[PDB]
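**Q**
Numbering (my numbering), first residue to last: 1 to 281.
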């Protein structure tokens, strides 16, 4: 069986989507209508240097991912499962028929606004340490204001929390065997307790939307299991303050018999994570 994987923040690049805007001109124009600016220009030229800023990145990735999905639907057999990484969940839910293109874009416009306006904390991407070792290091070094934000592969974990703690933890993490420890340029400590205020505000917005049952199963970042219709609204706000269980989601799919994992959107970030999960699993 086959799964499509939808990428999120950090996977964007100038030039993303270039062929797709002309292939789907009505949807591109409708996105411009929702956003108030040219999505083609943002992705192709980034003329205001804001493609890196999540209030803009989130819509850019959602549009590129959605159009990439529509192109794949035109060209190949349908996927058996869908999974998206954080912002990518919205793409996955669109592909599953949970909401339509414009509705998903409204939700991500808001999500990006709220996350870009959040402040408090920071994040670091760590390569080389497993989850239990990361947990041990947080405990042993007294970093009580740091949470695990992403579980991406057996050796790839993102931590999130107090900026001072994120900075000082580089030393004990490198001493333990972190091959790379990268402090991210982000508005706040995403996927941590620092996002509780934004989570509440996003939940209030999501109350105004309905979520149809998925027509193709979507694996949740929160539970690492297929989404249930009645739980989607709540999960989408919880997600921003909760760990992204990506590694587990992919292992669950492998256990279901998925052998083909295809990234739907720009770049090969999720494909790289898959290779590391496969090698361990």
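Even for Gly, the Cβ is constructed at its ideal location relative to N, Cα and C.
#1: May I have a chain-ordered list of the alpha helix (DSSP H) segments no shorter than 4 residues that lie completely inside the stretch 63 to 88?
#2: Just checking, does the stretch 61 to 76 make contact with the stretch 101 to 117 on the three C-beta pairs under 8 Å criterion?
#3: At 4 residues or longer, what runs of the alpha helix (DSSP H) sit wholly inside the stretch 179 to 261?
#4: Specify, as a first and last residue, the run of the beta strand (DSSP E) that residue 53 falls within.
#5: I think residue 5 touches residue 257, with their Cβ atoms under 8 Å apart; what is that distance to the nearest whole Å?
#6: Tell me whether residue 95 is buried or exposed, calling it buried when 16 or more other Cβ atoms sit within 10 Å of its Cβ.
#7: Out of 75, 165, 55 and 142, which has the shortest C-alpha to C-alpha gap to residue 115?
#8: In terms of residues, what are the limits of the alpha helix (DSSP H) holding residue 277?
#9: Compare the C-alpha of residue 281 against each of 260, 250 and 270 and name the closest.
#10: Alpha carbons only, please: which of 97, 31, 36 and 46 is nearest the one belonging to residue 14?
#11: Once the 5 residues before and after residue 24 are set aside, which same chain residues still bring their CB inside 7 Å of it?
#12: Have a look at 58, 18 and 166 and flag the residue whose alpha-carbon is nearest the alpha-carbon of residue 41.
#13: Within a Cβ cutoff of 8 Å, which residues of the same chain sit near residue 196, ignoring the five residues on either side of it in sequence?
#14: Please report the distance separating the alpha-carbon of residue 22 from that of residue 74.
#15: Determine contact between the stretch 207 to 218 and the stretch 149 to 168, defined as no fewer than three beta-carbon pairs at a distance below 8 Å.
#16: Touch check for the stretch 213 to 225 and the stretch 163 to 172: three-plus C-beta pairs under 8 Å?
#17: When you compare each of 165, 193, 150 and 189 to residue 140 by their alpha carbons, which one comes out closest?
#18: Are the CB atoms of residue 243 and residue 151 nearer to each other than 8 Å?
#19: If I'm right that residue 203 touches residue 153 with Cβ under 8 Å, what's the distance once you round it to whole angstroms?
#20: Quick one: residues in its chain with C-beta nearer than 6 Å to the C-beta of residue 266, no 5 flanking neighbours on either side, listed in chain order?
#21: Using the rule of at least 16 other Cβ atoms within 10 Å of the residue's Cβ for burial, across every protein chain shown, is residue 200 buried or exposed?
#22: Return the CA-CA distance between residue 224 and residue 88, expressed in angstroms with no decimal places.
#23: Does residue 232 pass the burial test, meaning 16 or more other C-beta atoms within 10 Å, or should it be called exposed?
#24: To which residues of the same chain is residue 134 closer than 6 Å at the C-beta, ignoring the five residues directly before and after it?
#25: Got a sec, what are the start and stop residues for the alpha helix (DSSP H) residue 101 sits in?
#26: Would you mind working out which of 176, 78 and 100 sits nearest residue 260, comparing C-alpha positions?
#27: Any heavy atom of the ligand COA closer than 7 Å to the CB of residue 144?
#28: When DSSP labels each residue in this structure, what does residue 8 get in the three-state scheme?
#29: Out of curiosity, what's the CA-to-CA distance linking residue 86 and residue 93?
#30: Please report how far the alpha carbon of residue 97 lies from the alpha carbon of residue 163, in whole angstroms.
**A** According to the structure data:
#1: none
#2: Cβ pair count under 8 Å is three or more, so yes.
#3: 196 to 206, 232 to 238 and 246 to 255
#4: One-based indexing of the chain shown puts residue 53 at position 53. According to the DSSP assignment, residue 53 belongs to no beta strand (DSSP E), since it is labelled neither H nor E.
#5: The residue given as residue 5 occupies position 5 in the chain shown. The residue given as residue 257 occupies position 257 in the chain shown. Incorrect: roughly 16 Å between the Cβ atoms, too far for contact.
#6: Indexing the chain shown from 1 puts residue 95 at position 95. Classification for residue 95: buried.
#7: Stepping through the chain shown from its first residue, residue 115 is reached at position 115. Ranking 75, 165, 55 and 142 by Cα distance to residue 115 puts 55 first.
#8: The residue labelled residue 277 in the question sits at position 277 within the chain shown. Segment 269 to 280, the alpha helix (DSSP H) holding residue 277.
#9: Position 281 of the chain shown, counted from the first residue, corresponds to residue 281. In this structure, 250 is the residue among 260, 250 and 270 with its C-alpha nearest to the C-alpha of residue 281.
#10: Residue numbering aside, residue 14 sits at position 14 when the chain shown is read from its first letter. Considering only alpha carbons, the answer is 46.
#11: Counted from its first residue, the chain shown places residue 24 at position 24. So the list reads 67 and 70, once near-sequence residues are dropped.
#12: Residue 41 sits at position 41 when you count from the first residue of the chain shown. With distances taken between Cα atoms, residue 41 lies closest to 18.
#13: Along the chain shown, read from residue 1 onward, the residue named residue 196 stands at position 196. Cβ within range, chain order: 241.
#14: Residue 22 sits at position 22 when you count from the first residue of the chain shown. Residue 74 sits at position 74 when you count from the first residue of the chain shown. When rounded, the distance between both Cα atoms is 15 Å.
#15: no
#16: no
#17: For the purposes of this step, residue 140 is taken as residue 140 along the chain shown, with counting starting at 1. Cα-wise, what sits closest to residue 140 is 165.
#18: Mapped onto the chain shown, residue 243 falls at position 243. Mapped onto the chain shown, residue 151 falls at position 151. Cβ distance < 8 Å, so residue 243 and residue 151 count as in contact.
#19: For the purposes of this step, residue 203 is taken as the residue at position 203 of the chain shown. For the purposes of this step, residue 153 is taken as the residue at position 153 of the chain shown. Residue 203 to residue 153, Cβ: 30 Å. No contact.
#20: If you number the chain shown from 1, residue 266 lands on position 266. These residues qualify, in order along the chain: 16 and 64.
#21: By 1-based counting over the chain shown, the position of residue 200 is 200. With fewer than 16 other Cβ atoms within 10 Å, it is exposed.
#22: Residue numbering aside, residue 224 sits at position 224 when the chain shown is read from its first letter. Residue numbering aside, residue 88 sits at position 88 when the chain shown is read from its first letter. So the two alpha carbons sit approximately 14 Å from each other.
#23: Numbered from its first residue, the chain shown carries residue 232 at position 232. That one is buried.
#24: Position 134 of the chain shown, counting from 1, holds the residue named residue 134. Cβ neighbours of residue 134 beyond the five flanking positions: 157.
#25: As a working note, residue 101 is residue 101 in the chain shown. Residues 101 to 117.
#26: The sequence position of residue 260 within the chain shown is 260, counting from 1. It is 78.
#27: The ligand content of the structure shown is nil, which means the ligand COA is not present either.
#28: Looking up residue 8 in the chain shown gives position 8. Looking at residue 8 - three-state DSSP - the assignment turns out to be coil, as it is neither helix nor strand.
#29: Within the chain shown, residue 86 is the residue found at index 86, counting from 1. Within the chain shown, residue 93 is the residue found at index 93, counting from 1. Per the coordinates, the alpha-carbon of residue 86 lies some 11 Å from the alpha-carbon of residue 93.
#30: In the chain shown, the residue the question calls residue 97 occupies position 97. In the chain shown, the residue the question calls residue 163 occupies position 163. Cα to Cα, the separation comes out at about 39 Å.
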